[PDB]
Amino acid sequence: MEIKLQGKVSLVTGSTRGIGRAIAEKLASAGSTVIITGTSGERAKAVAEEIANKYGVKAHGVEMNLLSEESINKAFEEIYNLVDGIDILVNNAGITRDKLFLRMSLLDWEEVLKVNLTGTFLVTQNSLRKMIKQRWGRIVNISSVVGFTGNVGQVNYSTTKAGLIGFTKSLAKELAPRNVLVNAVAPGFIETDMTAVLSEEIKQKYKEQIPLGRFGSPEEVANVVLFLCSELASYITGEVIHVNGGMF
């Protein structure tokens, strides 16, 4: 009947805005304690406070810059002083540095790998303790349709979004004996506040790629993450769920 996560603690990286924020709010709506992260601790704490006021949940904001190992490990010291541990991890944080391939600087490439892959690696390693101990955990990695299709100007980003699938399937196999389930969600074209910057022409060209004829909302992505964190997904691990309105 209902999906309840009262008593669970969910960490959602890069959740001060956009899809990450929608994911944190969705988990909060189900009763989860939530941990909000951003490159600004002030903004993360502000967002946590707004979520706590809206849904009445225990919420904590931490500064976490996924470019920095020191920032990540320091964030976890603050986290483990506030909660017993983490039951649910959503590896949402990610960046793009879009350039045509020959025009892509080494820094453009390495930053995208550092955040999207190495950041995910470090955050996941940091989050497993309570999950392994109690033989229950959910890790949800946010991929992208472009990890599957490829995309012009995003060889770096697409490499990471595809790489997260290998990450997901391998980690799922390793953690399966401990009942810690590791899955991916691969959104298509999602409307966020940043969509407002696109021209009506190209925005229409994008919508034309989508059988449903509309962009998805951040909440529609968040709904699938919630499913994966719920008792409805107890036999799903090593899987990617595409959420793209029929594009792929």
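Note that residue numbering follows the sequence shown and begins at 1.
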{"query": "Which of 159-167 and 82-90 has higher mean CA B factor, as the PDB entry lists it", "finding": "82-90"}
{"query": "Between the two ranges 50-58 and 213-221, the one averaging a larger CA B factor in the entry", "finding": "50-58"}
{"query": "Per the PDB entry, maximal CA B factor within 186, 182, 194, 34", "finding": "194"}
{"query": "Third of the chain's Cα B-factor distribution that residue 8 belongs to, per the entry", "finding": "middle"}
{"query": "Residue 106 - which third its CA temperature factor falls in, relative to the rest of the chain", "finding": "highest"}
{"query": "Among modelled residues of the same chain, the CA temperature factor third for residue 135", "finding": "middle"}
{"query": "B-factor third for the C-alpha atom of residue 127 within its chain", "finding": "lowest"}
{"query": "Within-chain third of residue 143 by Cα B-factor, per the entry", "finding": "middle"}
